[PDB]
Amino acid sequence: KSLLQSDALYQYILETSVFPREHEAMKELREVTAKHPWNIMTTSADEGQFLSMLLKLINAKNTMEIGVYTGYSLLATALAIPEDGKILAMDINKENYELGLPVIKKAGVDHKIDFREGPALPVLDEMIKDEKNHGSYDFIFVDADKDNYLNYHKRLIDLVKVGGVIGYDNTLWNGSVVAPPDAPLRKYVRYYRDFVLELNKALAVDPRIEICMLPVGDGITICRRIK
């Protein structure tokens, strides 16, 4: 499904302004991932498109991605930044990431990726210690945990440079953010919902950012750092 009113309206967007003219690598990678069990987590085609646009408009060169899985967001990012662009990609799994690496290599853009297996927080905390790392990223995409976003934000905010833009994914958490107090939902969406709601409030009240909640994909809250 999607966050729109109908599955046909959403499809219309895909069939008319997304699929036609979409590199191909995305087409491939999207096929590889379709056979994988947890394919429900893969970023949507329209959201990959929005990221591509966004990345181009802000001339992002140096970026970071938390939550890689298979590689869709990554691929999109690597194809959008310049030939000398760099991406610090973090994910706890890694078998998954290599499932799509063949494609990224076939698209000849795997050279921009610096993959690091393991939990993101530790690594983040380490970067924070070196002052030269502060404000060194143009773009940071967070599509991981959820019950860890607020924690990421604490340090991501000093690592994003004023230029800004930090993207939090699934901010509308399958609409469960306004679901009827009596319509049981899957155990995990029920769990992460308290976190997302919590995340949203903190974000809407953070003086250091700008924020915009786009209902593309499962919702991305785009944060522009102002200081």
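Throughout, we count residues from 1 along the sequence that is shown.
- Look at the mean CA B-factor for 130-138 and for 76-84 in the entry; the higher one is 130-138.
- According to the PDB record, 175-183 carries the higher mean C-alpha B-factor of the two stretches 175-183 and 188-196.
- In the PDB entry, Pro20 places in the highest third of its chain by CA B-factor.
- The entry lists a Cα temperature factor for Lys35 that places it in the highest third of the chain's modelled residues.
- Sort the chain's modelled residues by C-alpha temperature factor and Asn151 lands in the lowest third, per the entry.
- Among the modelled residues of its chain, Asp46 has a C-alpha B-factor that falls in the middle third, as given in the PDB entry.
- Sorting the modelled residues of the chain by their CA temperature factor places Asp145 in the middle third.
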